[PDB]
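Asker: as they sit in the full assembly, here are the leading chains:
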Amino acid sequence: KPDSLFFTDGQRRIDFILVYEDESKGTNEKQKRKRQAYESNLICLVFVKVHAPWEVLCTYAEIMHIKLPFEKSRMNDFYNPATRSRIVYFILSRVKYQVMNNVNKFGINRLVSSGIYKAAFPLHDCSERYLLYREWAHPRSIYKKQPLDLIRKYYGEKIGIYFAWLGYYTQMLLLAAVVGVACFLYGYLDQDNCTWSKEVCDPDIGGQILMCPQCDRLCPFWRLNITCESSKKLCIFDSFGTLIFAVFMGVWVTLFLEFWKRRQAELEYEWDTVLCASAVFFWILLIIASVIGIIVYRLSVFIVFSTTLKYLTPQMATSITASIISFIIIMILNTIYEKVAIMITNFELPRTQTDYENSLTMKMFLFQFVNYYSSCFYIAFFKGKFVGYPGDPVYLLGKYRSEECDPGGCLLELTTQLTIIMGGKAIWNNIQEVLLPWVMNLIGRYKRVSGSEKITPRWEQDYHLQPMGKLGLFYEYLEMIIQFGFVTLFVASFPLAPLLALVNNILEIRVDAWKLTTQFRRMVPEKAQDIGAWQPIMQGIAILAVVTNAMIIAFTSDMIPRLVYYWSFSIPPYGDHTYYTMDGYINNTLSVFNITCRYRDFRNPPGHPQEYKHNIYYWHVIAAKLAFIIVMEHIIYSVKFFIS
């Protein structure tokens, strides 16, 4: 029978499979009779079946305290196919191989690494798999609520916590999405009567500003008018779409953390749930330097691409193409890091599985942080600075100049990077997660055995399925923490970032689910009280996110400069208006340059006693930026103090 969950005699559900074949140079007999006696003490091509009867599960459940299934009691009570796999795995790990020459091994952790065995896994049916396939696997059930209790009871506590965290995620990124939509409509509608994003488009005030080339050569004296196509759509990320949006984002990120702490407490109430500087930091410093190589490649790309060539402005198509190239390079370099972190972690002598995975987290998460967010931090914080008296950039300790931004507090490049990285990867990781299992399963089914007997045993089909590995949910937490960082660190621009995430996760909460019910082999239902080794990382990300949001609003949003302009530079002090009006902002902010243009920085005109040194406007604006940072951060940690 193809749907055989039992033995030949029947009435005995299979709990595990392990496969090996050492019948056939010279050394083969050694592992042959190593594994020949290994199964002997475990007793209470052929697929070695492992089952745990009542008297075995009862006698080996005494070691670990697990609340059996009304109400529950500690270790003993009276009123689960999932826990059998974990019990069998624990039995395999505890029972060792006894010899007479002092070479003792326990479990197959070392056995499968050497190569004695081939594979080991539990198996499920073809029931709870179909009912979970219909409303939870296929993307048609977008709005259907998931049975997280069923997920916990079927695919283990770790997967249940991962999905509940994702279920809780879009449960309250919909409010962030609707706030983003409100800011979206405010920015889009109020593109006319605000003297911003209309001055730039108007050829009389924001069109007569003759800039000067940003780089050394092969750039002409452009005009601000060309900014129109990207300035009219800039206000959506500016104005009220920036200040209250990011303040609400900070309050939200500080509050739902504690809200999900309460959710975790509720879950615990429901379920039981009871030399360093070198090499390691050397490679991180090397990639901190290698972002320079990445941007050098990016320039070497678009310099040629500009000569090669829906209102596709140069700074839109160029930025999109550059972001795609950088994303491809980031994926390749992430593959390189996936190799090197593993190759350096096993070099050190680690502790058991828990500490090994904790160290692997502490290394790979930082590797991915510096791999992904380095470019975003470069563009956001220290990209378009350092222009002085003769217009001399820092030159980066060489003969190569630095790149300069646009008169908007360059954020369109940042939001394009966000959209193409966290949005492009959203497509691409799902593409691999859906298609790689199909293509490899088809390769196995069309290259190993073809034309079966029309009755395929369950173990054979499961063996043909892809393994899940010990780093099962590590990669999902990694990608989701990357999404979390992109949706909380840089959420000042792109108000629709959670919404772009929202539907994303609604697909993922199915797609992953789908790949967890049809593609990968069933995983042992491990028990965990939380996400683990990521929650402190989440707290650190939130603490850094408050500061980085303040720095995004101040140093690279050009919102504080306009607030300052219509509060203190528009009034009769420093100005000629009557009340808080934003008129004349663009002309009365940019500073003049003498070639012997008008660049973006705030500096004195050529002939002030302090020429090309910062003026009163710059110092006022930077004092306002620092005050805004201090006030917002203090208010945010005060708010989280009230919350927790």
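Answerer: Arrived safely. Numbering: from 1, shown residues only, chains lettered A, B, ... in the order given.
Asker: might one say that residue A:615 is in contact with residue A:603?
Answerer: Yes. With contacts counted by Cβ atoms under 8 Å, residue A:615 reaches residue A:603, the gap being 6.3 Å. Where you see a C-beta, it was placed from the backbone N, CA and C, and this is true even at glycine.
Asker: joint contacts of the two?
Answerer: Both residue A:615 and residue A:603 are in contact with residue A:591, where contact means Cβ atoms under 8 Å, 6 or more residues apart in numbering.
Asker: longest helix in chain A, by residue count?
Answerer: When chain A is scanned for its longest helix (criterion: DSSP state H), the result is helix A:314-345.
Asker: quick check: buried residues in the helix or strand just after it?
Answerer: Downstream of helix A:314-345, the first helix or strand assigned by DSSP states H and E is helix A:353-380. Judged by neighbour count (16 or more other Cβ atoms under 10 Å), helix A:353-380 contains these buried residues: A:357, A:360-361, A:363-365, A:367-380.
Asker: just stretch A:24-31 next, same as before
Answerer: When burial is assessed from 16+ other Cβ under 10 Å, stretch A:24-31 yields the following buried residues: residue A:31.
Asker: before we move on, what about stretch A:622-634?
Answerer: For stretch A:622-634, burial by neighbour count (16+ other Cβ under 10 Å) applies to A:622, A:624-625, A:628-629, A:632-633.
Asker: and which of those is nearest residue A:12?
Answerer: Distance to residue A:12, by Cβ to Cβ, is smallest for residue A:633 among the buried residues of stretch A:622-634, at 62.2 Å.
Asker: state the distance from the closest one to residue A:221.
Answerer: Here the criterion is Cβ to Cβ, to the nearest Å. By it, residue A:633 lies 41 Å from residue A:221.
Asker: how about residue A:611?
Answerer: When residue A:611 is compared with residue A:221 (using Cβ to Cβ), they lie 22 Å apart.
Asker: circling back: report the angle between the longest helix of chain A and helix A:353-380.
Answerer: Relative orientation of helix A:314-345 versus helix A:353-380 (axes from the mean of the first three to the mean of the last three Cα atoms, to 10 degrees): 160 degrees.
Asker: counting by contacts, list what helix A:314-345 packs against.
Answerer: Of the remaining helices and strands, those touching helix A:314-345 by 3 or more Cβ pairs under 8 Å, 6 or more residues apart in numbering; DSSP states H and E are helix A:228-231, helix A:281-308, helix A:353-380, helix A:412-422, helix A:424-447.
Asker: now find how far off-centre the shortest one is within its chain.
Answerer: For helix A:228-231, the separation from the chain centroid amounts to 30 Å (computed by Cα atoms, centre = their mean, to the nearest Å).
Asker: in space, what's closest to the spatially most central residue of chain A - neighbours in sequence excluded?
Answerer: When chain A is reduced to its mean C-alpha position, the nearest residue by Cα atoms, centre = their mean turns out to be residue A:482, at 1.7 Å. Using Cβ to Cβ, 6 or more residues apart in numbering and skipping residues adjacent in sequence, the residue nearest residue A:482 is residue A:372, 6.0 Å away.
Asker: name all residues that make contact with the one you found.
Answerer: Residues in contact with residue A:372, defined by Cβ under 8 Å, 6+ apart, are A:330, A:421, A:482, A:485.
Asker: ok, the second one to residue A:108 distance?
Answerer: Looking back up the chat, that one is residue A:421. Relative to residue A:108, residue A:421 is positioned 40 Å away (Cβ to Cβ).
Asker: re the thing from before, residue A:615 and residue A:603: which has the busier surroundings?
Answerer: Legend: neighbour count by other Cβ atoms under 10 Å for residue A:615 and residue A:603, higher for residue A:603 (23 against 16).
Asker: the more buried one reaches residue A:613, doesn't it?
Answerer: Yes. With contact defined as Cβ under 8 Å, residue A:603 reaches residue A:613; the gap is 6.8 Å.
Asker: add chain B to the structure above, sequence below:
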Amino acid sequence: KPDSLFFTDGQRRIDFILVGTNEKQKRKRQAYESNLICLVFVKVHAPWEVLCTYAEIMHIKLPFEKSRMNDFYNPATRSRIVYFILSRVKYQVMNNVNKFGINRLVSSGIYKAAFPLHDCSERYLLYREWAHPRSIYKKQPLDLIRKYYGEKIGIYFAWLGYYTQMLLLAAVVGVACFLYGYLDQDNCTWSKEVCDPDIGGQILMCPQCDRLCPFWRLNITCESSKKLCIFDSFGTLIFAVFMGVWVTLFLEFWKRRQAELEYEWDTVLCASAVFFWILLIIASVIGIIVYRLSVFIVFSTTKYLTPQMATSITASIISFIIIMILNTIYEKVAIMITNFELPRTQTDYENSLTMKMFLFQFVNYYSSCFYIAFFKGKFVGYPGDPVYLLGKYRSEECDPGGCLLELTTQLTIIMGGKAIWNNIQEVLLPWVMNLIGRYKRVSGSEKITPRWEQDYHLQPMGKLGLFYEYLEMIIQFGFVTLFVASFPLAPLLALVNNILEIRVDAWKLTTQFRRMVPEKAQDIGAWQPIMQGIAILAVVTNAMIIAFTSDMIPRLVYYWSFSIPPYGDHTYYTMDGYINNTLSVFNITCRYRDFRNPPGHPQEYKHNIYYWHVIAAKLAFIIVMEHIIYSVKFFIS
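Answerer: Putting chain B together with the chains above:
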């Protein structure tokens, strides 16, 4: 037998002592002692069997071999066990009137007193080598305190330990910067040009008050500016940075010590009324400053005793007296409002009492210091018009030094004067009241005084025993970490203080007060969150003290970016010409302290580039120092 801790039979030590409407409580107390059986001095004793029987509920692990109570491998714990037995056993009636313990019994007034008794031994040696003026510097046997006076007193004297041993490092760093500020005093152009009449005495000021104040000169500042040098020349920066690192160090260092002692020992409507009085005292600090002004204004009409030294001392003493009187009033009112609300058990009641009285004392003490440090000498504009505080009364203005001598004088007189006065009461009140009792109740005994009689004549300690000591020491901690930029000797002033206090309290805990029940405690309790909040606020307030009220960042700015060919006619990083080129001119139709444009700049009396540069430096300094400090404590923890 005056030294008799046993009954007539002997070999049975006393473990505790307790001593038409009248008939009601007479009958209630007559049957109360009946179920407890296993002026009269009821000697409650606990044999071994009752100790084992009713010590099982409160799990205590004590042997050598610390495994569990029921093992086969302490005069202190008998009092606690007897107290627990008294509290658990209730009085049974047939009218639905059930009372357990004497917490309600002594409140009504059926009994008079209840206390354990100690020896006249382990108390004599502990008086000599630990509680005597001849043994001040001798090392503490903290075990001899833990097993004799209880976990609470032991934790109090161990937490006070590091204020005597490793507060010495802070004190010696303070001494080092104290001597550094006095040696490099002539060759810094600061506090020398001020004392030089040629360039620092020609700067005529203008009156700070509306009337009865003449146009003075900076020359008179000399006697207070020359000694100001040690407070802010260069020792303030490294001093406060080291203080922040030091506090964010010993917090976790004492966490480690707490873990070590855990290894050693077992240790098993709101907006109104409550916040209304706090906002009322926030307003009443205005009344306090009005009172101090009214005092020294008249005193002005009445060893280089400059007006701003004698005045700052006299007004500080008057404010300290008023603060003590108000603290008595708050001790009354917090108790009178806390019992109004229906509280939980004793632990939660004392937690609420902590949360109320600590805030009351915070606003009582640190409000004046925050007023002087942060928002005292500001708000001068175009015609020299102060904010007037929503009235016809002007505000008070500071001196061209980033007024800090007033702040350090307030610290020295408050945390130093109280350091004397609290010890004075703690030493003399027991003597005077014991003498009153011994010379007014019974005189001329028969030369044999029973132990219980002498103990009864001693003062009671109460349920709020160590609450006041934690309160005063947390006040000292706040004064030595919040405002530790000036007065580098503040730890050293504390140090000997603590070295005396760690005896004085010790002394008063072996001769004056009645023995206290050895309560079970694993930490100071309900104060560690307060200490963490104090440290987090302390980093920020130290940054604001260095920036907004130290006049140090302006001194960095002058010789970094104003003594260079832009903004200055110099050639290096030199402090020359700082005083003249910082204060801004005022036109009456003087030269005040704030940084504003001269009378005739297109933005007249609006702020110049100097103030905006200095405030940008201040904000950058605050941000950088705070970020570095929490990064450092992240590395530490």
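Asker: the buried residues of stretch A:622-634 again please, this time with chain B.
Answerer: Along stretch A:622-634, the positions that meet the burial threshold by neighbour count (16 or more other Cβ atoms under 10 Å in any protein chain shown) are A:622-626, A:628-630, A:632-633.
Asker: and the residue nearest to residue A:402 when sequence neighbours are not counted, how many neighbours?
Answerer: Computed as Cβ to Cβ, 6 or more residues apart in numbering or on different chains, the closest residue to residue A:402 that is not its neighbour in sequence is residue A:393, at 4.2 Å. A count of nearby residues for residue A:393, using other Cβ atoms under 10 Å in any protein chain shown, gives 17.
Asker: so who does the residue of the stretch 1-150 of chain A found nearest chain B touch?
Answerer: Nearest residue of the stretch 1-150 of chain A to chain B: residue A:74, at 19.1 Å (Cβ to the nearest Cβ). For residue A:74, the residues meeting the contact criterion (Cβ atoms under 8 Å, 6 or more residues apart in numbering or on different chains) are A:65, A:67.
Asker: on that earlier part again, kindly export the strand or helix carrying the residue nearest to the centre of chain A (C-alpha atoms) in PDB.
Answerer: Assigned by DSSP H and E, residue A:482 belongs to helix A:474-488. Coordinates of each C-alpha in helix A:474-488 appear next as PDB, following Å, rounded to 0.1, in the frame of the first residue of the first chain:
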ATOM      1  CA  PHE A 474      17.700  29.400  11.200                       C
ATOM      2  CA  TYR A 475      17.600  30.800   7.700                       C
ATOM      3  CA  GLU A 476      13.900  31.700   8.000                       C
ATOM      4  CA  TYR A 477      14.700  33.700  11.200                       C
ATOM      5  CA  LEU A 478      17.600  35.200   9.400                       C
ATOM      6  CA  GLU A 479      15.600  36.500   6.500                       C
ATOM      7  CA  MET A 480      12.700  37.600   8.700                       C
ATOM      8  CA  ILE A 481      15.000  39.500  11.000                       C
ATOM      9  CA  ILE A 482      16.500  41.100   7.900                       C
ATOM     10  CA  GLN A 483      12.900  42.100   6.800                       C
ATOM     11  CA  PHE A 484      12.300  43.400  10.400                       C
ATOM     12  CA  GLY A 485      15.500  45.500  10.200                       C
ATOM     13  CA  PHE A 486      14.500  46.900   6.900                       C
ATOM     14  CA  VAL A 487      10.900  47.700   8.100                       C
ATOM     15  CA  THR A 488      12.100  49.400  11.300                       C
END
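Asker: buried residues, it. List them.
Answerer: A:474, A:476-488.
Asker: any chance you could list what contacts it?
Answerer: Contact partners of helix A:474-488, identified using Cβ under 8 Å, 6+ apart, comprise A:162, A:165-166, A:169, A:173, A:249, A:253, A:357, A:360-361, A:364-365, A:368-369, A:372-373, A:418, A:421-422, A:425-426, A:429, A:497-498, A:501, A:504, A:512, A:531, A:534, A:537-538, A:541-542, A:545, A:549.
Asker: the inter-axis angle of that helix versus helix A:412-422?
Answerer: Relative orientation of helix A:474-488 with respect to helix A:412-422: 160 degrees, computed using the same axes, to 10 degrees.
Asker: please compute how far helix A:474-488 lies from its chain's middle.
Answerer: Centroid separation between helix A:474-488 and its chain, computed with Cα atoms, centre = their mean, is 2 Å.
Asker: ok, stretch A:252-268 next?
Answerer: Using Cα atoms, centre = their mean, the distance from the centre of stretch A:252-268 to the centre of the chain it belongs to is 20 Å.
Asker: show me which residues of it are buried.
Answerer: So stretch A:252-268, judged by 16+ other Cβ under 10 Å, has buried residues A:252-257, A:260, A:263-264, A:267.
Asker: just the element for residue A:17, please.
Answerer: Going by DSSP H and E, residue A:17 is part of strand A:16-19.
Asker: give me the next element, helix or strand, following that strand.
Answerer: Proceeding C-terminally, strand A:16-19 gives way to helix A:28-42 as the next helix or strand, assigned by DSSP H and E.
Asker: what angle separates the longest helix of chain A from helix A:281-308?
Answerer: Orientation note: helix A:314-345 sits at an angle of 150 degrees relative to helix A:281-308 (the same axes, to 10 degrees).
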